[PDB]
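Here we start with a single chain on its own, the form deposited in one PDB entry, put down as structure tokens.
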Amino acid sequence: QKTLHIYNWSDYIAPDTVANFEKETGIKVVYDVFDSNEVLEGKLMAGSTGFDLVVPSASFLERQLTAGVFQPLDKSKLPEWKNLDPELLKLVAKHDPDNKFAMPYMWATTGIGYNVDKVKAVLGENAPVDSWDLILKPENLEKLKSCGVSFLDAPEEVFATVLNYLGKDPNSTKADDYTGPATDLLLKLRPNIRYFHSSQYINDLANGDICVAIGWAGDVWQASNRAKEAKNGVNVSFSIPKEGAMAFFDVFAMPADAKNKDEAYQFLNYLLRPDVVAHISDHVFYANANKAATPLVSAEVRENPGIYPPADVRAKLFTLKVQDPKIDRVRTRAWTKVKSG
């Protein structure tokens, strides 16, 4: 009996992707999910995860490969590597040069997900839905406190967006930017935030439990969709603010101690098939990195500027940089302060 252990983000695959792969190959798949880059990193640094494949964002990949956590991908065993968009491979190459260790999977931005009707009802017809002021300006967050506000429990991501919003370098190497202005704004906003979670906000946005949230693009679109399917009247939208937003690239990589290498390569080639990934993007609402799969992606998804953004919107996006341990420590300590109260 052949097995494969995969560790991937929750709500990041089609309902049938694994079942199909199992029928076609006869390989039994054990699929586990997470919703935090930090939880994954922890397990990888701790060693012996027992996973054959894991899906970290590229910026965390760079850090983890310094620790020798992953083995390089034998590209001779992935015939359809050619399907991957070359521009996306370049961007990921900044973290994985020469693309030796990871296979780009999905990509998106971190922005604002919001209940269109509730925000208009509270902030009026002209709520600044196209800017970070909607959720990062205290006087607005105070008014929205009522209908529910949610923030991603993603330190590196929230800090970089706040830094950018304050006119600073989103990847500032100066530790006082974090403990200083960044933490001040966060502490100012903090009392208006109902919770810090990286996954339960989807159901809550979908069911009208919260009205605004800092969230990942596809997650918000999934919420929008779930609301439409339910015919509950909830109108959810997503926005990539005019001031810019962070863009991430999740990738598949193989722990250097993976036991089912053969089975893992089969799953990777399976994911390289244009039909397989386009199918995933159709259910999950995230843009995949497969150039070839584009045509096969439903037009509703493929033509959404909030999923596959145009070149001028892609121009105002930024990526996370790996920081030295001091910034790391400062940033982690500050985040615990902000969260606690």
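From 1 onward, residues are counted along the sequence shown.
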note = Averaging the C-alpha temperature factors as deposited, the higher value of 197 to 205 versus 180 to 188 falls on 180 to 188
request  = Averaging the C-alpha B factors as listed in the entry, name the stretch that ends up higher: 227 to 235 or 121 to 129.
outcome  = 121 to 129
message = I'd like to know which of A108, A258, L271, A213 has the highest C-alpha temperature factor in the PDB entry.
response = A258
remark   = Assert third(CA B-factor, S76) within chain per record equals highest
note = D250: CA B-factor among chain residues, third -> lowest
note = Sorting the chain's modelled residues by C-alpha B-factor and splitting them into thirds places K100 in the middle
request  = Divide the modelled residues of the chain into thirds by Cα B-factor and specify which third, lowest, middle or highest, holds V330.
outcome  = highest
inquiry  = Using only modelled residues of the chain, where does the Cα B factor of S10 rank: lowest third, middle third or highest third?
reply    = lowest
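A second form of this protein, the form deposited in another entry, is not displayed here; the remarks below concern that form.
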Hinge of the chain between this form and the one not shown, where one rigid part gives way to the other, from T66, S48, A311, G26 = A311
Closer or farther in the other form: C-alpha pair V129, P305 (3 angstroms or more) = closer
query = Which way does the C-alpha gap of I327 and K43 go in the other form, closer or farther, given it changes by 3 angstroms or more?
reply = farther
